[PDB]
């Protein structure tokens, strides 16, 4: 009655996490495991992995030889249990030291790093005689699995599985010169054709995500609205034509969040616990965070605006910058937790931070910090996501789970999860926050103004909004069932 489902990905929360992809792999993984499926995950063994939620971590005695550049290479296989999921971590013994770089992403040879991993992952499956019903791969890094499976593993004895591919951001396609596709074992001449993996915008380049759209039996992305956006020329980023052709098997499914990990009632990272029925502990976290950061608590009813994000153009960094000053102008406080891989963006925020070193109302925390994010979601009254585009976004869901009311731009997943309380056309049950259309200060200001007005003018009306938003189901229940139905329908076919 239950499927055997393997997920191959570059991330899994909390052990190897950069953003939402890692969150999703774990969250969907666990939801599927509750539904009775044998779920297993295959990751790289990064040197920079987070050890502390890994149980029973051990190196197996079986070495697994894997192909790359015409030679076979040794891989140490590790197993462990990460939040009840079985995980296989691949440690390559290739002289280039692919997962020994101090970093998850951003090396000059990422293409080689993750195409190797993709090959070795399938090799691990073959060599253990595993016969999965579903192999689910994620983003460009493991897009290589789809053509690899069909070209080299279905005709070697591994022909049990259907392939599912999720793209969590179609911006990242993994494009490179065609020469580089041959490293993992794929036939360049066969696959560098317009009906296969040749890029949309060049002749001697290949496109991993395009290959995964073509070769997979199921293709998803992470919200219904984003799925529509990427079918248009302007949002598709070259791939719109391919997605329109293969539309029958392409569907957008709104991510959930892991509501066991993200739960104010049992969150171990918090000072005080709380829930929809008792917000006592929310005010206590607001006070604790102020005290930890050196923000003023002299006034009651000063709204704390939080923002937790990677600082990259996608997230509307000019609007985030503006929001700091506007929040302050409007008589609120602001806490930013974020860092940028882009130095000019890091430098711009570093300047703002110094400006507010020990200010009573503004603190900027320019770093990745898990513990702190928990207390920021808990403490904050308002949470901003003014994204230029957003495939899904999880932070707005986590914020609402912790009672913080979102202010979001109407785009991609935010359009499917955030609904303005002042728009009459929206049914009352969905209304949970504040939105704006245009990506400029004027648009953002009107949403922020209304949110500050609502917070200040009627405390008990506001408290109902918090209660209501905290009672919304953000779990994977609903969306895990949609993935399950795609899996079963493909297996039967």
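Numbering follows the first chain given and starts at 1.
Taking the mean C-alpha B-factor of each stretch as recorded, 411 to 419 and 83 to 91 are not equal, and the higher mean is that of 83 to 91.
Once the C-alpha B-factors are averaged per stretch, 358 to 366 and 307 to 315 rank with 358 to 366 first.
Comparing C-alpha B-factors across 404, 175, 225, 275 in the deposited entry, the largest value falls on 175.
For the set 203, 341, 256, 338, the PDB entry puts the maximum C-alpha B factor at 203.
The entry lists a Cα temperature factor for residue 103 that places it in the highest third of the chain's modelled residues. When the CA B factors of the chain's modelled residues are split into thirds, the value for residue 5 lands in the middle one.
Sorting the modelled residues of the chain by their CA temperature factor places residue 66 in the highest third.
Among the modelled residues of its chain, residue 389 has a C-alpha B-factor that falls in the lowest third according to the deposited record. Compared with the other modelled residues of the chain, the Cα B-factor recorded for residue 348 ranks in the highest third.
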